[PDB]
Amino acid sequence: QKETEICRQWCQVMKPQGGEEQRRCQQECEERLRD
């Protein structure tokens, strides 16, 4: 869950509370992380 935080927090800084931004970020994050 530690890497999970980093992975999302990167996007939280780069693209804070968006729409498609979240979709891509979460998908791409889960694609790496597998949560």
# chains A, B, ... in the order shown; residues from 1 in each chain; ligands from 1
$ select_by_dssp --residues "chain A" --states "helix (DSSP H, G or I)" --output "count of residues only"
27
$ residues_around --residues "residue 28 (chain A)" --least-positions-apart "4" --cutoff "12 Å" --atoms "only C-alpha atoms" --output "list in words"
residues 4, 7, 8, 10, 11, 20, 21, 22, 23, 24, 32, 33, 34 and 35 of chain A
$ atom_distance --atom1 "CA of residue 5 (chain A)" --atom2 "CA of residue 29 (chain A)"
10.2 Å
